[PDB]
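Participant: one piece of my complex first, more on the way:
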Amino acid sequence: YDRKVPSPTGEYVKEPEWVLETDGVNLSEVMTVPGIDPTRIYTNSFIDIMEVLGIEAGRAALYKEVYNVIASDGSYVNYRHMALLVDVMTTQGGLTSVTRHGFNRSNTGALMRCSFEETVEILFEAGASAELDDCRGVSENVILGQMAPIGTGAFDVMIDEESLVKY
């Protein structure tokens, strides 16, 4: 593997090295192996990293894949797009799924949840365990068809008195 690294002169130069790739996932014990860098050593599966290292090192490895998945066909997306979703799955505590189970069981609003996949399932668990709705969720304002706190209705306009008398 070729690697651009700084020459003692100051300049960054192509300094190749030997990297050994596998077809197995065990880090907990391969890290403990001497004669290998236990810093540069990245496993394909981010799910191990999150459990081995920690959630912030987990979000870090989550982007790497998310990025390369888009970077594959030579497609580019501005960091903040992928660094939002990646952070989204971690900002809960552990790892969050982007399917029925992971996010549709979250702290989120009852009417904002029954929108995605599980419809009558989320409507029964909400009414029986008695829960409130923020009426801040997009789907909620959409259902109600009222001035949503989105761009245009985020803030709230009121009448001014100073420039009313003035003109």
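Facilitator: Structure's in. What do you need? Numbering: from 1, shown residues only, chains lettered A, B, ... in the order given.
Participant: show me what contacts residue A:109?
Facilitator: A:133-134, A:136-137, A:139-140 (C-beta atoms under 8 Å, 6 or more residues apart in numbering). The C-beta positions use only the backbone N, C-alpha and C, and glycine is treated the same way.
Participant: Now, those that are in helices?
Facilitator: Members of those lying in helices (criterion: DSSP state H): A:139-140.
Participant: Make JSON lines out of the contacts of residue A:109 and add distance to residue A:83 and neighbour count.
Facilitator: Below are those laid out as JSON lines (distance: C-beta to C-beta, whole Å; neighbours: other C-beta atoms under 10 Å):
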{"residue": "A:133", "distance to residue A:83": "30", "neighbour count": "16"}
{"residue": "A:134", "distance to residue A:83": "26", "neighbour count": "12"}
{"residue": "A:136", "distance to residue A:83": "24", "neighbour count": "11"}
{"residue": "A:137", "distance to residue A:83": "23", "neighbour count": "19"}
{"residue": "A:139", "distance to residue A:83": "25", "neighbour count": "17"}
{"residue": "A:140", "distance to residue A:83": "27", "neighbour count": "18"}
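Participant: And the contacts of residue A:109, which is closest to residue A:89?
Facilitator: residue A:137 (18.9 Å; C-beta to C-beta).
Participant: Quick one: end-to-end distance for stretch A:103-114.
Facilitator: Terminal residues of stretch A:103-114 lie 12 Å apart, using C-alpha to C-alpha, to the nearest Å.
Participant: Identify the residue spatially nearest to residue A:44, adjacent ones excluded.
Facilitator: residue A:25 (7.2 Å; C-beta to C-beta, 6 or more residues apart in numbering).
Participant: let's bring in chain B now:
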Amino acid sequence: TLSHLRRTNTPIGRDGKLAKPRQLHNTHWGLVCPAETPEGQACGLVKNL
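Facilitator: Once chain B is put in with the chains from before, the structure reads:
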């Protein structure tokens, strides 16, 4: 009008596990058309003889 006559619909379930079926099998030589098939939905499931 002819193309609706020399046609073959297939069902689903029971079998069709870690198999094709859609993908043009070698055995479809001469018997079935290699290009006549309806895109998306039942593509490669409904063949024309």
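Participant: who's in contact with the most centrally placed residue in chain A?
Facilitator: With distances taken as C-alpha atoms, centre = their mean, residue A:86 lies nearest the centre of chain A, 2.1 Å away. With contacts defined as C-beta atoms under 8 Å, 6 or more residues apart in numbering or on different chains, the neighbours of residue A:86 are A:59, A:62-63, A:66.
Participant: Buried members of those residues into ChimeraX, please.
Facilitator: Buried members of the contacts of residue A:86, defined by 16 or more other C-beta atoms under 10 Å in any protein chain shown, are picked up in ChimeraX with:
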select /A:59,62,63,66
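Participant: Now, the contacts of residue A:86 that are in helices?
Facilitator: Among the contacts of residue A:86, the residues falling in helices (DSSP H) are A:59, A:62-63, A:66.
Participant: Going by distance to residue A:75, which of the residues you listed wins?
Facilitator: residue A:66 (12.2 Å).
Participant: ok, the closest one - contacts?
Facilitator: Residues near residue A:66 by C-beta under 8 Å, 6+ apart: A:82, A:85-86.
Participant: Return the closest of those residues with respect to residue A:97.
Facilitator: Distances from residue A:97 to these, taken by C-beta to C-beta, are shortest for residue A:85, at 12.4 Å.
Participant: so how many other residues sit close to residue A:24?
Facilitator: For residue A:24, the neighbour count with other C-beta atoms under 10 Å in any protein chain shown is 6.
Participant: sorry, back to before: if I've got this straight, the residue nearest to the centre of chain A is in a strand?
Facilitator: No - read with DSSP: H, G, I helix; E, B strand; the rest coil, residue A:86 is helix and lies in no strand.
Participant: okay, now chain C:
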Amino acid sequence: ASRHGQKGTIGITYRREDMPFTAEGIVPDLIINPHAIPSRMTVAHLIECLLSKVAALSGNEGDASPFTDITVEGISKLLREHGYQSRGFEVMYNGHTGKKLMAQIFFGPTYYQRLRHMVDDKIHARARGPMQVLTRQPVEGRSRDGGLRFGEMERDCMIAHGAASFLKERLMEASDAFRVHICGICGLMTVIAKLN
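Facilitator: Just below you will find chain C, in place on the chains above:
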């Protein structure tokens, strides 16, 4: 469409005058674009344009056929002897000014076919009409005067755009809409309808 899968649609019509002409005074029955063939990789089309011209000029119905030992070089030889350029290209003049066109248009009678999809039976526009019997929203189908379904992802766009008030009115009077009276204590459809 040609017998290849080149689903063409008209996007303007010109008559004889405006249309370009060969030295013999031949105007094309229609004009395609050079951009179809590389993305589709439709080669059999280019020979169908070709082989049909020889088949028309010789009189003898030229055999297109699938697996037949016939080559374009074999076709070109019979076309060269027919007086016309063997490669198919013909020197054309701009129907507007008369001034010769730098590039020579490929001219050949490709067998085209009309499709059962016409705009006059595709078109629709609804500005308030018959609403759904149960849901009180516009009906479906152009025929029964049915409004265009502003899909789930269309909503997702008015959200992203930051159009909190577009979709606020779009979900209401601009489509469905409704006025009700409810209890402050219970918050349900329970107030008895009288008003007057």
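Participant: and the neighbour count of residue A:24, now that chain C is part of it?
Facilitator: Residue A:24 has 6 neighbours, counted by other C-beta under 10 Å.
Participant: what helix or strand does it sit in?
Facilitator: Remark: residue A:24 resides in no helix or strand, with elements defined by DSSP states H and E.
Participant: how far away is it from residue C:53?
Facilitator: 64 Å (C-beta to C-beta, to the nearest Å).
Participant: Likewise for residue C:66?
Facilitator: Here the criterion is C-beta to C-beta. By it, residue C:66 lies 20 Å from residue C:53.
Participant: Name the nearest residue to residue C:162, ignoring sequence neighbours.
Facilitator: residue A:151 (2.1 Å; C-beta to C-beta, 6 or more residues apart in numbering or on different chains).
Participant: again with residue A:36
Facilitator: In space, and not counting its chain neighbours, residue A:36 is closest to residue A:30: 7.4 Å by C-beta to C-beta, 6+ apart.
Participant: does the one you found really touch residue A:41, like I thought?
Facilitator: Yes - between residue A:30 and residue A:41 there is a contact at 7.3 Å, judged by C-beta atoms under 8 Å.
Participant: and chain C, which of its residues are near chain A?
Facilitator: C:155, C:159, C:161-168, C:171-172, C:176 (C-beta under 8 Å from any C-beta of the partner chain).
Participant: Just the buried subset of those, please.
Facilitator: Among the residues of chain C next to chain A, those scoring as buried are C:155, C:159, C:163-164, C:166-168, C:171 (criterion: 16+ other C-beta under 10 Å).
Participant: Counting only strands, which of these make the cut?
Facilitator: Residues of those located in strands (DSSP state E): none.
Participant: Next, count neighbours for the residue in chain A that chain C sits nearest to.
Facilitator: Closest residue of chain A to chain C, C-beta to the nearest C-beta: residue A:151 (2.1 Å). Using other C-beta under 10 Å, the number of residues around residue A:151 comes to 16.
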